[PDB]
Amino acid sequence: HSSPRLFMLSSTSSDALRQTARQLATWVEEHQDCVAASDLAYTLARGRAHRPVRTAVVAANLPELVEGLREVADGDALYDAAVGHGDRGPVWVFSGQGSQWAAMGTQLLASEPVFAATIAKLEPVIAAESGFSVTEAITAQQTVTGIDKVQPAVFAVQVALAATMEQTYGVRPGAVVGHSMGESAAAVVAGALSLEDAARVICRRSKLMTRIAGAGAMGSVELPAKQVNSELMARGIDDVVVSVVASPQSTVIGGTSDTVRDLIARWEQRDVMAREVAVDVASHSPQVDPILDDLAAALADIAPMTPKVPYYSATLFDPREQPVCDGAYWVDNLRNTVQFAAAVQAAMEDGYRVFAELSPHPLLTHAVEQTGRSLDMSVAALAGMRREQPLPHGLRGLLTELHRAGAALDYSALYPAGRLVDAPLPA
């Protein structure tokens, strides 16, 4: 087929990668009439041991590839070395609310059949539970609004991104990490809950949250949580708590609207990077106390299962402990402080270095990097999607970035068959 292909090439330095690109362009130009584009793509991906400094060239024909390789060979770009050693899969990071955007699902519904099939599966469940079309919501001219619509819609995108990456691109995650509502998608991917039970969890939890919409406020501050807690106790504040611990230098507070606003005003004045976060309900604070008995009742039938993938819980007090995702877990999930930094840190201490955020737009990339920096580790924090990013080739770009970063993946998914070819082998 004269369709565009992904040609991988790697080396030990940026300059040696250019030398490899020039040698390959010269070879492809001399043997273009003898080599099939598909066989060369297969050989480069599955017949070569990928070295640390990686790149890939997209091309529909061999003369197009020679231009793309010569572009690399003649350039002056700095190619970052892979952070992972191809031994562990990526850690999927599922962030909370706030990533949603207008017609976020349109391009992936068209370019990714596994994304469309997962949305199709979810459609009747979300329709029965929350009373709306998740397909109309993720393809609308306006951004999804209302906690009862936002949470099911963002969850649906997260889960459909994970299924595409596993089924279509051969990317089995090494571990999962969720941040607040991101834990429903994390639990489906890890195998702790079925897609349907996890959709029931997000639909029911968001319907109950609409009863308390308006109660409380949240704020982000660039201070460590130990410090923030000291300030609250010192000031005599009992109605505002630490809601999220995202990074060793970043904290989210939550509680009554007035006190949160007062705290942000005085932190801003002291040149500390404070900011009220737009949220309908102040979660992970006593503001959610009224709906916790009702939530437990709604999730009484939810059937948890033993996670088949390492799940770094931000709800549990030990993130390395494996969750029992019953109704009690999801009530603690809503009320307890999101210990995201602790979970990311445990995954990094355990050896994971490639993190990819499967969400409509990246909310935690900066937090993952701050945890890596604090541990003096070189990590990769990738975004699956960005707001208004064109995706003509679906998630093939994320696949390239995962490969470039050194995440372990099954190369027989994107390059299923072909002939090994006598292309050059660099010394």
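In this text, residue numbers run from 1 along the sequence as written.
For the segment pair 179 to 187 and 266 to 274, the entry gives 266 to 274 the higher mean B-factor, averaged over Cα atoms. Just going by the entry, 193 to 201 versus 72 to 80 on mean CA temperature factor gives the higher value to 72 to 80. Sorting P152, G174, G86, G105 by the CA temperature factor given in the entry leaves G86 at the top. Ranked within its chain, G131 lands in the highest third, by CA B factor from the PDB record. Ranked within its chain, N61 lands in the highest third, by CA B factor from the PDB record. In this PDB entry, the Cα temperature factor of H284 sits in the bottom third of its chain's modelled residues, the lowest group. The deposited CA B-factor of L399 belongs to the lowest third of values across its chain. When all modelled residues of the chain are sorted by CA temperature factor, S230 is found within the middle third.
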